[PDB]
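Taking it in order: structure first as structure tokens, then the write-up.
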Amino acid sequence: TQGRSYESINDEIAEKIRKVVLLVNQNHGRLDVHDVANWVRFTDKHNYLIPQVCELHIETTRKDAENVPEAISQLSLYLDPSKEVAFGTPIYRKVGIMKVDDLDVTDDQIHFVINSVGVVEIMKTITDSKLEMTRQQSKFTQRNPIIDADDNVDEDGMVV
Amino acid sequence: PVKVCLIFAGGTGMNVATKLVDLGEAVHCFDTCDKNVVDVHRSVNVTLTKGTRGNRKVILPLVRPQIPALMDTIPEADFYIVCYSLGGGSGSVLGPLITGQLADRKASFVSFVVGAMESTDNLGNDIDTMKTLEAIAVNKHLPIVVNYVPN
Ligand SMILES: Nc1nc2c(ncn2[C@@H]2O[C@H](COP(=O)(O)OP(=O)(O)O)[C@@H](O)[C@H]2O)c(=O)[nH]1
Ligand SMILES: [Mg+2]
């Protein structure tokens, strides 16, 4: 996004990657390697769904996770199992219980929500943004050649 | 024979078992991995199937040949209780397979089964597992008596 340092963006990405590393650390109650596989490879068992580019949304509140539009496949981690709420309308849903002695546990709850009806807009914003920029730079009008058919130009374009 | 043998399958079964560890040797737990095994389970029997580390159709061919081995660890008893979720992949396969074996023993037993409601996968599994129990009731000519608990 305009005005944001690559350093800032990179920091955000690394912090999200760590949440995924945490997710797949195999140390959570109720959460299998097969649970993770079937979350992200959701078309394997839900054959009526279309494989395509999907977005992963990584949220730390129920509210933010519920606001992911048209959620397909959802994985929730909770440190406090009392806070588990089966929210949203995904086709696939799983929950894992994090351990308070897991030093990698950074947040009290983390939701990993996959959808696909969001990539469109993202692309549009890029196309629209580029179009506007190109329009300002495109609307150009070069001047007439400084050389006429009068000048004696040789094969290398030398005029002596 | 013991008075009663309690059998738990899948994550939900493992989770319910934690509340019954005081029953000790009478409790027998089964799963396809150890995601739900906790410290208190040391007080009861726990057996995990081999080569199985949510999809019942996938889990079935892997666990079926192991059932006889699982059954050898379950003592003859005057009554059995079986407990699992209808909506996952492991409990809803191990549970009914063991149930079929108990019917072959001409056993008296009841089951406690959970109706999982999170997703269309859960709901589809719930349906197929209830149908499984119906098919078993017919094939073994025996009532399959369950206490059904919807989430
Ligand atoms: N009542 C209850 N339901 C559960 C519990 N854990 C999971 N569920 C629900 O049951 C479904 C199956 O989970 P689980 O029994 O762990 O699956 P399995 O290990 O493949 O047999 C989940 O998708 C949840 O909807 C539990 O401890 N109690
Ligand atoms: Mg399980």
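Note on naming: chains are A, B, ... as they come in the structure tokens, residues start from 1 per chain, ligands start from 1 in the order shown.
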Exercise for review: Using only C-alpha atoms, determine which residues of chain B fall within 7 Å of chain A; present them as a PyMOL selection string.
Suggested key: chain B and resi 11+35-36+54-55+118-121
Point to revise | Nearby residues (only C-alpha atoms) at most 7 Å from segment 95-112 of chain B, same-chain spacing under 5 positions excluded, as a list in words | key: residues 9, 79, 80, 81, 82, 83, 84, 133, 136, 140, 145, 146, 147 and 148 of chain B
Review point. Which of segment 13-71 of chain B counts as strand (DSSP E) under DSSP, as a ChimeraX atom specification please?
Key: /B:27-31,45-48
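For the set B:70, B:130, B:33, B:21, the residue with the smallest atom-to-atom gap to ligand 1 is B:33, counting only C-alpha atoms and all ligand atoms.
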Exercise for review: Set the cut-off to 8 Å, count only C-alpha atoms and all ligand atoms, and list whatever residues fall near ligand 1 as a PyMOL selection string.
Suggested key: (chain A and resi 30+93-95) or (chain B and resi 9-16+31-32+36+54-55+84-93+114-119+122+149-151)
Can I get the selected residues back with N, CA, C and O atoms, as a short mmCIF file (atom, residue, chain, number, x, y, z; two decimals), in the first residue's frame?
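Result saved to selection14.cif:
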```cif
data_model
loop_
_atom_site.label_atom_id
_atom_site.label_comp_id
_atom_site.auth_asym_id
_atom_site.auth_seq_id
_atom_site.Cartn_x
_atom_site.Cartn_y
_atom_site.Cartn_z
N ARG A 30 -6.73 -31.93 20.04
CA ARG A 30 -7.80 -32.12 19.07
C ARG A 30 -7.39 -31.90 17.61
O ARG A 30 -8.16 -32.22 16.70
N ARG A 93 -14.90 -26.86 9.20
CA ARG A 93 -14.53 -26.16 10.42
C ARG A 93 -13.81 -27.11 11.38
O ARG A 93 -14.28 -28.22 11.58
N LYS A 94 -12.70 -26.66 11.96
CA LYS A 94 -11.99 -27.44 12.98
C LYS A 94 -11.42 -26.53 14.06
O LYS A 94 -11.10 -25.38 13.81
N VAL A 95 -11.28 -27.08 15.26
CA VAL A 95 -10.74 -26.33 16.39
C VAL A 95 -9.58 -27.08 17.06
O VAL A 95 -9.62 -28.30 17.22
N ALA B 9 -14.07 -43.86 21.28
CA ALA B 9 -13.41 -43.80 19.98
C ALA B 9 -13.38 -42.39 19.43
O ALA B 9 -14.34 -41.63 19.56
N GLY B 10 -12.26 -42.04 18.80
CA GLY B 10 -12.11 -40.75 18.15
C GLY B 10 -11.84 -39.67 19.19
O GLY B 10 -11.85 -39.94 20.40
N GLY B 11 -11.62 -38.44 18.73
CA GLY B 11 -11.38 -37.33 19.64
C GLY B 11 -12.45 -37.10 20.69
O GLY B 11 -12.14 -36.94 21.88
N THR B 12 -13.71 -37.10 20.27
CA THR B 12 -14.81 -36.84 21.19
C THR B 12 -14.85 -37.91 22.28
O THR B 12 -15.02 -37.59 23.46
N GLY B 13 -14.68 -39.16 21.87
CA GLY B 13 -14.60 -40.27 22.81
C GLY B 13 -13.45 -40.11 23.78
O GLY B 13 -13.60 -40.36 24.97
N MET B 14 -12.29 -39.70 23.28
CA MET B 14 -11.12 -39.47 24.13
C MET B 14 -11.43 -38.38 25.15
O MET B 14 -11.07 -38.49 26.33
N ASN B 15 -12.09 -37.33 24.69
CA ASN B 15 -12.41 -36.20 25.54
C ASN B 15 -13.40 -36.60 26.64
O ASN B 15 -13.22 -36.23 27.80
N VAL B 16 -14.42 -37.38 26.29
CA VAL B 16 -15.37 -37.84 27.30
C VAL B 16 -14.68 -38.78 28.29
O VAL B 16 -14.95 -38.72 29.49
N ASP B 31 -8.14 -44.54 18.93
CA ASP B 31 -8.07 -43.43 17.99
C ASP B 31 -7.04 -43.75 16.92
O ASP B 31 -6.34 -44.77 16.99
N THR B 32 -6.95 -42.87 15.93
CA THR B 32 -6.06 -43.07 14.79
C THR B 32 -4.77 -42.28 14.93
O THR B 32 -3.81 -42.47 14.18
N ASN B 36 -5.62 -36.21 20.80
CA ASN B 36 -6.50 -36.04 21.96
C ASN B 36 -6.04 -36.76 23.21
O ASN B 36 -6.74 -36.74 24.22
N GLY B 54 -10.84 -36.95 9.35
CA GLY B 54 -12.14 -36.36 9.10
C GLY B 54 -12.91 -37.00 7.96
O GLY B 54 -14.13 -36.84 7.84
N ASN B 55 -12.19 -37.73 7.10
CA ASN B 55 -12.82 -38.40 5.97
C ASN B 55 -12.96 -39.89 6.27
O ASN B 55 -11.96 -40.62 6.35
N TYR B 84 -18.72 -42.15 21.01
CA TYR B 84 -17.97 -41.47 19.96
C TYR B 84 -18.83 -40.41 19.28
O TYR B 84 -20.05 -40.39 19.47
N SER B 85 -18.19 -39.54 18.50
CA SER B 85 -18.91 -38.59 17.67
C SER B 85 -19.34 -39.21 16.34
O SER B 85 -18.58 -39.93 15.71
N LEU B 86 -20.57 -38.89 15.91
CA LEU B 86 -21.06 -39.32 14.61
C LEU B 86 -20.44 -38.52 13.47
O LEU B 86 -20.54 -38.91 12.31
N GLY B 87 -19.82 -37.38 13.80
CA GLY B 87 -19.50 -36.41 12.78
C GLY B 87 -18.06 -36.27 12.32
O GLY B 87 -17.78 -35.53 11.38
N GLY B 88 -17.14 -36.97 12.97
CA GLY B 88 -15.74 -36.94 12.56
C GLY B 88 -15.41 -38.11 11.65
O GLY B 88 -16.32 -38.73 11.08
N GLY B 89 -14.13 -38.43 11.52
CA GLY B 89 -13.67 -39.45 10.60
C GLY B 89 -13.23 -40.73 11.28
O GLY B 89 -13.34 -41.80 10.69
N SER B 90 -12.76 -40.62 12.52
CA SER B 90 -12.16 -41.76 13.22
C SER B 90 -13.10 -42.45 14.19
O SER B 90 -13.28 -43.68 14.12
N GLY B 91 -13.70 -41.68 15.10
CA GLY B 91 -14.67 -42.22 16.03
C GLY B 91 -15.84 -42.85 15.29
O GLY B 91 -16.31 -43.92 15.67
N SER B 92 -16.30 -42.19 14.23
CA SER B 92 -17.49 -42.63 13.53
C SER B 92 -17.22 -43.84 12.63
O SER B 92 -18.14 -44.32 11.95
N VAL B 93 -15.97 -44.29 12.60
CA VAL B 93 -15.57 -45.51 11.89
C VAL B 93 -15.16 -46.59 12.87
O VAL B 93 -15.70 -47.70 12.84
N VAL B 114 -22.57 -38.46 19.51
CA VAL B 114 -22.75 -37.02 19.44
C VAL B 114 -23.10 -36.59 18.01
O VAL B 114 -22.43 -36.98 17.05
N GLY B 115 -24.14 -35.77 17.87
CA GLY B 115 -24.49 -35.18 16.59
C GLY B 115 -23.71 -33.88 16.39
O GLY B 115 -24.05 -32.84 16.96
N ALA B 116 -22.67 -33.94 15.57
CA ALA B 116 -21.80 -32.79 15.35
C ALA B 116 -22.42 -31.87 14.31
O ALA B 116 -22.99 -32.33 13.32
N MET B 117 -22.29 -30.56 14.51
CA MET B 117 -23.12 -29.63 13.75
C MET B 117 -22.36 -28.49 13.08
O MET B 117 -22.97 -27.59 12.52
N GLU B 118 -21.03 -28.53 13.14
CA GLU B 118 -20.21 -27.40 12.68
C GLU B 118 -20.34 -27.08 11.18
O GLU B 118 -20.36 -25.91 10.78
N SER B 119 -20.40 -28.12 10.36
CA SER B 119 -20.14 -27.97 8.93
C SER B 119 -20.96 -28.98 8.14
O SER B 119 -21.51 -29.90 8.72
N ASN B 122 -19.47 -32.43 8.87
CA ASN B 122 -20.00 -33.02 10.10
C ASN B 122 -21.38 -33.61 9.85
O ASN B 122 -21.68 -34.74 10.25
N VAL B 149 -26.90 -37.25 21.39
CA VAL B 149 -26.71 -35.94 21.99
C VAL B 149 -26.23 -34.98 20.90
O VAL B 149 -25.09 -35.09 20.42
N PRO B 150 -27.10 -34.06 20.49
CA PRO B 150 -26.74 -33.09 19.45
C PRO B 150 -25.93 -31.96 20.05
O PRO B 150 -26.27 -31.50 21.14
N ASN B 151 -24.88 -31.52 19.36
CA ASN B 151 -24.16 -30.32 19.74
C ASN B 151 -24.99 -29.09 19.38
O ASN B 151 -24.84 -28.52 18.30
#
```
Exercise for review: With a distance cut-off of 9 Å and only C-alpha atoms, select the neighbouring residues of residue 74 of chain B, excluding the residue or stretch itself and same-chain residues fewer than 4 positions from it, and output the selection as a PyMOL selection string.
Suggested key: chain B and resi 5+7+28+70
Point to revise | Which residue of A:36, A:110, A:14, A:117 approaches ligand 2 most closely, using only C-alpha atoms and all ligand atoms | key: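 Closest candidate: A:36.
Proximity to residue 65 of chain A at 7 Å, evaluated using only C-alpha atoms and with sequence-adjacent residues fewer than 6 positions away removed, yields residues 59, 111 and 113 of chain A.
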Check your understanding: Interatomic distance between atom CA of residue 51 of chain B and atom CA of residue 63 of chain B?
Key ->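 Atom CA of residue 63 of chain B lies at a distance of 8.7 Å from atom CA of residue 51 of chain B.
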Practice item. Name the residues of segment 11-82 of chain B that fall into helix (DSSP H, G or I) according to DSSP on the backbone, using the chain letters and numbers of this document, as number ranges by chain. Key: B: 11-26, 39-43, 56-72
Write out, as a short mmCIF file (atom, residue, chain, number, x, y, z; two decimals), in the first residue's frame, the residues just selected, with N, CA, C and O atoms.
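See out-v4.cif below for the written result:
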```
data_model
loop_
_atom_site.label_atom_id
_atom_site.label_comp_id
_atom_site.auth_asym_id
_atom_site.auth_seq_id
_atom_site.Cartn_x
_atom_site.Cartn_y
_atom_site.Cartn_z
N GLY B 11 -11.62 -38.44 18.73
CA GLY B 11 -11.38 -37.33 19.64
C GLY B 11 -12.45 -37.10 20.69
O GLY B 11 -12.14 -36.94 21.88
N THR B 12 -13.71 -37.10 20.27
CA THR B 12 -14.81 -36.84 21.19
C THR B 12 -14.85 -37.91 22.28
O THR B 12 -15.02 -37.59 23.46
N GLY B 13 -14.68 -39.16 21.87
CA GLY B 13 -14.60 -40.27 22.81
C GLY B 13 -13.45 -40.11 23.78
O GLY B 13 -13.60 -40.36 24.97
N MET B 14 -12.29 -39.70 23.28
CA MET B 14 -11.12 -39.47 24.13
C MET B 14 -11.43 -38.38 25.15
O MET B 14 -11.07 -38.49 26.33
N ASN B 15 -12.09 -37.33 24.69
CA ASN B 15 -12.41 -36.20 25.54
C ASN B 15 -13.40 -36.60 26.64
O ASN B 15 -13.22 -36.23 27.80
N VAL B 16 -14.42 -37.38 26.29
CA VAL B 16 -15.37 -37.84 27.30
C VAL B 16 -14.68 -38.78 28.29
O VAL B 16 -14.95 -38.72 29.49
N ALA B 17 -13.80 -39.64 27.79
CA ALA B 17 -13.04 -40.55 28.66
C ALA B 17 -12.30 -39.84 29.80
O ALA B 17 -12.20 -40.37 30.92
N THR B 18 -11.76 -38.65 29.54
CA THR B 18 -10.99 -37.95 30.57
C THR B 18 -11.83 -37.73 31.84
O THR B 18 -11.29 -37.57 32.94
N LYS B 19 -13.14 -37.75 31.69
CA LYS B 19 -14.03 -37.47 32.81
C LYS B 19 -14.38 -38.74 33.55
O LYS B 19 -15.02 -38.71 34.61
N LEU B 20 -13.93 -39.87 33.01
CA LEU B 20 -14.25 -41.17 33.57
C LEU B 20 -13.01 -42.00 33.93
O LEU B 20 -13.10 -43.22 34.08
N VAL B 21 -11.86 -41.33 34.09
CA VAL B 21 -10.62 -42.05 34.34
C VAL B 21 -10.63 -42.80 35.67
O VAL B 21 -9.86 -43.73 35.87
N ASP B 22 -11.52 -42.40 36.57
CA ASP B 22 -11.63 -43.09 37.85
C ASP B 22 -12.10 -44.53 37.67
O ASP B 22 -11.97 -45.34 38.58
N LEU B 23 -12.64 -44.85 36.49
CA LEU B 23 -13.09 -46.21 36.19
C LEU B 23 -11.94 -47.10 35.70
O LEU B 23 -12.10 -48.31 35.56
N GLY B 24 -10.80 -46.49 35.43
CA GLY B 24 -9.57 -47.22 35.19
C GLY B 24 -9.58 -48.33 34.15
O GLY B 24 -9.89 -48.11 32.98
N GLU B 25 -9.23 -49.53 34.60
CA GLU B 25 -9.04 -50.67 33.71
C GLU B 25 -10.28 -50.99 32.87
O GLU B 25 -10.16 -51.61 31.81
N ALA B 26 -11.45 -50.57 33.33
CA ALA B 26 -12.71 -50.84 32.62
C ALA B 26 -12.86 -49.99 31.37
O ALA B 26 -13.69 -50.29 30.50
N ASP B 39 -2.50 -36.44 29.73
CA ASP B 39 -1.87 -37.14 30.84
C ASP B 39 -2.80 -38.07 31.62
O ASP B 39 -2.40 -39.17 31.99
N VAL B 40 -4.03 -37.63 31.87
CA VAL B 40 -4.97 -38.42 32.68
C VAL B 40 -5.30 -39.78 32.07
O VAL B 40 -5.76 -40.69 32.76
N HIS B 41 -5.07 -39.91 30.77
CA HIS B 41 -5.36 -41.15 30.05
C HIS B 41 -4.45 -42.30 30.48
O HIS B 41 -4.75 -43.46 30.20
N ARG B 42 -3.34 -41.99 31.13
CA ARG B 42 -2.45 -43.02 31.64
C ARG B 42 -3.21 -43.98 32.54
O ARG B 42 -2.83 -45.15 32.69
N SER B 43 -4.29 -43.49 33.14
CA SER B 43 -5.10 -44.28 34.08
C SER B 43 -6.03 -45.29 33.40
O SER B 43 -6.68 -46.10 34.07
N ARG B 56 -14.20 -40.34 6.45
CA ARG B 56 -14.46 -41.69 6.89
C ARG B 56 -14.13 -42.70 5.81
O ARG B 56 -13.70 -43.81 6.10
N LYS B 57 -14.35 -42.32 4.55
CA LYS B 57 -14.11 -43.20 3.42
C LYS B 57 -12.62 -43.51 3.27
O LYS B 57 -12.22 -44.58 2.81
N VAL B 58 -11.80 -42.54 3.67
CA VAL B 58 -10.35 -42.68 3.66
C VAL B 58 -9.87 -43.52 4.83
O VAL B 58 -9.00 -44.36 4.68
N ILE B 59 -10.45 -43.29 6.01
CA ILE B 59 -10.01 -43.96 7.22
C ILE B 59 -10.41 -45.43 7.27
O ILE B 59 -9.66 -46.27 7.77
N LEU B 60 -11.59 -45.74 6.75
CA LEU B 60 -12.12 -47.11 6.82
C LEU B 60 -11.20 -48.23 6.29
O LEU B 60 -10.96 -49.22 6.99
N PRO B 61 -10.67 -48.10 5.05
CA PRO B 61 -9.85 -49.21 4.55
C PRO B 61 -8.55 -49.38 5.34
O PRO B 61 -7.99 -50.47 5.38
N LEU B 62 -8.09 -48.30 5.98
CA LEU B 62 -6.87 -48.36 6.78
C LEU B 62 -7.09 -49.08 8.11
O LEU B 62 -6.24 -49.83 8.56
N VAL B 63 -8.24 -48.83 8.73
CA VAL B 63 -8.48 -49.35 10.07
C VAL B 63 -9.16 -50.71 10.09
O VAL B 63 -8.98 -51.49 11.03
N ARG B 64 -9.94 -51.01 9.06
CA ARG B 64 -10.70 -52.26 9.02
C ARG B 64 -9.85 -53.50 9.32
O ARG B 64 -10.24 -54.33 10.13
N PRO B 65 -8.69 -53.65 8.66
CA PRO B 65 -7.95 -54.89 8.91
C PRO B 65 -7.37 -54.98 10.32
O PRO B 65 -6.93 -56.06 10.73
N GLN B 66 -7.39 -53.87 11.06
CA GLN B 66 -6.83 -53.82 12.41
C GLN B 66 -7.85 -54.10 13.50
O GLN B 66 -7.49 -54.30 14.65
N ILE B 67 -9.12 -54.13 13.13
CA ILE B 67 -10.18 -54.34 14.11
C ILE B 67 -10.00 -55.62 14.94
O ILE B 67 -10.14 -55.58 16.16
N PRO B 68 -9.71 -56.75 14.29
CA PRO B 68 -9.52 -57.96 15.10
C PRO B 68 -8.47 -57.76 16.19
O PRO B 68 -8.66 -58.21 17.32
N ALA B 69 -7.38 -57.08 15.85
CA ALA B 69 -6.35 -56.77 16.83
C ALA B 69 -6.88 -55.88 17.96
O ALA B 69 -6.52 -56.08 19.12
N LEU B 70 -7.74 -54.92 17.62
CA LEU B 70 -8.32 -54.05 18.65
C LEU B 70 -9.24 -54.85 19.57
O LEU B 70 -9.26 -54.62 20.78
N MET B 71 -9.99 -55.78 18.99
CA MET B 71 -10.98 -56.55 19.74
C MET B 71 -10.32 -57.47 20.77
O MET B 71 -10.89 -57.74 21.82
N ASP B 72 -9.11 -57.94 20.46
CA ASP B 72 -8.39 -58.80 21.40
C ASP B 72 -8.02 -58.08 22.69
O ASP B 72 -7.80 -58.71 23.72
#
```
Point to revise | Of the listed residues B:142, B:127, B:135, B:37, that which approaches ligand 2 most closely, counting only C-alpha atoms and all ligand atoms | key: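 The closest residue to ligand 2 is B:37.
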Review point. At what distance in Å, to one decimal, does atom CA of residue 4 of chain A lie from atom CA of residue 116 of chain A?
Key: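 Value for the atom CA of residue 116 of chain A-atom CA of residue 4 of chain A distance: 25.7 Å.
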Review point. How many Å separate atom CA of residue 76 of chain B from atom CA of residue 30 of chain B?
Key: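 These two atoms are separated by 17.1 Å.
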